[PDB]
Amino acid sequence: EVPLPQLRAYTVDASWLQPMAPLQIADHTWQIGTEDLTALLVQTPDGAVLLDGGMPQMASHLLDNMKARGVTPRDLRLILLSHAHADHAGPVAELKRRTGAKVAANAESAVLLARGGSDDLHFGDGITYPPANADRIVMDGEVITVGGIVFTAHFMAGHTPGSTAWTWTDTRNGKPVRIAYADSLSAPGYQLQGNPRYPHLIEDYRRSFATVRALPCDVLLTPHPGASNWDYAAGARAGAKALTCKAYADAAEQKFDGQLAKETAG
């Protein structure tokens, strides 16, 4: 008769999987991911930090770019995450096995990471990846320091319960550059109202808009560069059109409000 359906792999736009050479953002901060997925390398005197890794199959590419930057596997000290979905935390388990790197995350992100994105609040087991363990649990506003560089966590629950923005201050042209790596504020295919798995979803997103709006934010980056109007393929002008954190939050709220009204109507 009719068999159960085959499992479906998590397939994405080609650009999400398109390798690029390292792109410098500030004196110590580089984009080393793909054209359309962010993975940020911060090189300190005392080892490197990686913020996000992209899709599961990006591990060897990341290590290659790291090597190009003079960062050996042993030199990678810390992995931080925007959120623990397959398209941003995908290669974390493998990176941990192949490098010195330890993971710091909040409790929500740690739990979701530890089950490889299964039992997702909105998509169940539809998009999973290799599970990984967190080495350190961080609280809202807590700082982590590597080679003198201080990273601050700003919780912005919504896209996932554990969604986080990370901020740090680098330099460029002799001046301080307050960098804000803000997580996604999308809700793709989510039930927003009366969601039994996330009863306070709407209130969390609204709080998160306010949080993003107030970040210290000379330069905004996002896990999907298009979200902050970055174009990693545009070389010298990659970041020209980048949004402020204020504009990013406002656009995300407007979009959310639209989705909420369409949900009410449908």
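Sequential numbering from 1, following the sequence displayed. Superpose the two forms; the largest set of C-alphas matching within 1.5 Å is the rigid core.
Practice problem: Going by root mean square C-alpha distance after a core fit, say whether 241 to 249 or 14 to 22 is farther from the shown form in 7 other deposited structures of this protein. | Solution: Taking the RMS over all superposed structures in 7 other deposited structures of this protein, 14 to 22 lies farther out.
ask   = Which of the two stretches, 234 to 242 or 204 to 212, shows the higher mean Cα temperature factor in the record?
value = Mean CA B-factor is higher for 234 to 242.
If you take the mean CA temperature factor per stretch, which one wins between 244 to 252 and 7 to 15?
Between 7 to 15 and 244 to 252, it is 7 to 15.
For this session: From the list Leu112, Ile127, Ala104, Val143, select the residue with the highest C-alpha B factor recorded in the entry.
Result: When the deposited C-alpha B-factors of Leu112, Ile127, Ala104, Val143 are compared, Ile127 is largest.
Checklist line | Residue selected from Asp120, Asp135, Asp75, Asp183 by maximal Cα B factor | finding: Of the candidates given, the C-alpha B-factor peaks at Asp75.
Could you place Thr29 in the lowest, middle or highest third of its chain by Cα temperature factor, using the values in the record? According to the entry, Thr29 has a C-alpha B-factor in the chain's lowest third.
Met139's Cα B-factor: lowest, middle or highest third of the chain? Ranked within chain, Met139 CA B lands in the middle tercile.
> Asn65: which third of its chain by C-alpha temperature factor?
Replying inline: For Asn65, the deposited C-alpha B-factor lands in the middle third.
Among the chain's modelled residues, which third holds the C-alpha B-factor of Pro131? CA B-factor rank for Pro131: lowest third.
Using the B-factor values recorded in the entry, state whether the Cα atom of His154 falls in the lowest, middle or highest third among the modelled residues of its chain. Within its chain, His154 is a middle-third residue by C-alpha B-factor, going by the deposited values.
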